[PDB]
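Before any questions on binding or motion, here is one chain by itself as structure tokens, the form deposited in one PDB entry.
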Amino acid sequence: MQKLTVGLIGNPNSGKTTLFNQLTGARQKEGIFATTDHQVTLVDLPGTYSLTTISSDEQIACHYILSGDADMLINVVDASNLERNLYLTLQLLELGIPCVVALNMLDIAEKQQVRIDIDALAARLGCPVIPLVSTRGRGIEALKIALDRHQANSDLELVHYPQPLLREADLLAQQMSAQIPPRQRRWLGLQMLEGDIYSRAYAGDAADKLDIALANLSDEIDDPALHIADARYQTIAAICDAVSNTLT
């Protein structure tokens, strides 16, 4: 037996607490349950649509995610609203924290005639996708196996960012804290280029080494924030069109 700390992260109303209660066998606050190989400390985090805030029940999950307290995340995704839910999923995968997708509410998806190829999605994301109906306890055993087996997400180029955006993000990834892993550093630097207020606190040579970067791009990109978000949305649409019935 090894120890694992796992965070439940997902949009508001995606079924995180329901899944929490199922795993921990809660009576009708950290949880603890056993898998085959792990004693898992489980943290139910407040819902969030995104790890980016430009101005402001959480940016609590983000701060929790970046604290290094979690070894792995369970990203709870509502299957009936896939494309909307996948924005947060992509941010987590760009960050590189080991994760498993708990693709929840599949009974609701089925009622609305939504079809998702589970393993196709997993191969596009580079992490396991475990189908669940959390209210029914369906898929929990498979989720527990995936927590014992998953070690690291696949190293995919997920989002296809214009090279000028990555040049200037990577320069910032060179300034900052250096302790903090490269994947996280480039992520922090794109978050900075989007106008995220919380990410400078995690830098090193921190804040407005950003003003040089954001001016180094006027010959190239008009609104970097909009270009970064758009590249993300494009990626998610391409995934949903391939693995789901969303194209038509």
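In this text, rigid core is short for the largest set of C-alphas that superpose within 1.5 Å between two forms. The first residue of the sequence shown is number 1, and the count goes up from there. Shifts are known only where both forms have a C-alpha.
Form deposited in another entry: not shown, discussed below.
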Under a superposition restricted to the rigid core, does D69 display a Cα displacement of 2 angstroms or more between this form and the one not shown?
no
Against the rigid core, is the Cα displacement of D223 between this form and the one not shown at least 2 Å?
yes
Core-superposed, runs of 3+ residues with CA shift of 2 Å or more between this form and the one not shown span 26 to 28, 57 to 59, 136 to 138, 200 to 204, 219 to 223
